[PDB]
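Let's start with one chain on its own, the form deposited in one PDB entry, as structure tokens.
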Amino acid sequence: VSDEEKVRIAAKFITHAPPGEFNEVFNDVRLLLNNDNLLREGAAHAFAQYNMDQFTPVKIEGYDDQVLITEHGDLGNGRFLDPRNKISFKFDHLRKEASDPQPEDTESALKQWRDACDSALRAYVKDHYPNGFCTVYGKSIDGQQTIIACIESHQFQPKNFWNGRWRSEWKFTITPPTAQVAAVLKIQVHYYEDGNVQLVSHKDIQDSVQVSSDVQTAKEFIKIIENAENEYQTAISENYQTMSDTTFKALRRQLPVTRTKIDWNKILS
């Protein structure tokens, strides 16, 4: 198997690190590949893709709250946009370090919609997620004005050998008098205090809403998000119950229909 294949496999594994376990997986993959220069060349894109896929939140010196690393904030050449603070910053994907904040702008047509939606969203997020973070972008994409709202919330407990993260991405395409809504909600949990167990879940959402002013419509946007995220969370818990009490039992009973453990002398006779 060629060096090109090996580093393809290395890059893939790195992209599949569970939330909160990047360092562990990277060091494993580094020592197995055992060719740092090849790793740097064939797999650099993977470090960046992981953080953007994960919506990694980052602290920036001099600014309150945290900003998400997403594709929507990628400015090229290692820099990312903080659209709330109106700055760009260099991001080190390996160390997860923000540096060199510089003043920036991008879109301004949607400045007021982005600002209305961010204010409404930030309150929503801080109300519903223990340590949630959000970043809201406004862009023209393939012809159309789009508000994109990203939400992240994680709980890492490496000393109890578990990690979890929630991500949701909500795209509002503004074609007054309506906005089309497309979203994907994601959850990932890894528990390995015993042996490897993971929950991976996603849900796609499609809706539409009536646009008015920036303020009223932001409110409308948040109501849609709040309801769908509540709906999804309730449904996840309902499904666990069905699984725990029905499907699981259908794989293996606790005990045989005899309602006691096995009479082995009967089996063998």
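Start at 1 with the first residue shown and count on from there. Basically, rigid core = biggest C-alpha set you can superpose within 1.5 Å across the two forms.
One more form of this protein exists, namely the form deposited in another entry; it is left out here, but the text below deals with it.
Did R40 shift 2 Å or more between the shown form and the other one, C-alpha, core superposed
It does shift by 2 Å or more.
Inspect the rigid-core superposition and answer whether the C-alpha of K12 shifts by 2 angstroms or more between the shown form and the other one.
The answer is no; the displacement is under 2 Å.
Is_shifted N23 between the shown form and the other one (CA, 2 Å cut-off, rigid core)
No, because once the rigid core is superposed, the C-alpha of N23 moves less than 2 Å between the shown form and the other one.
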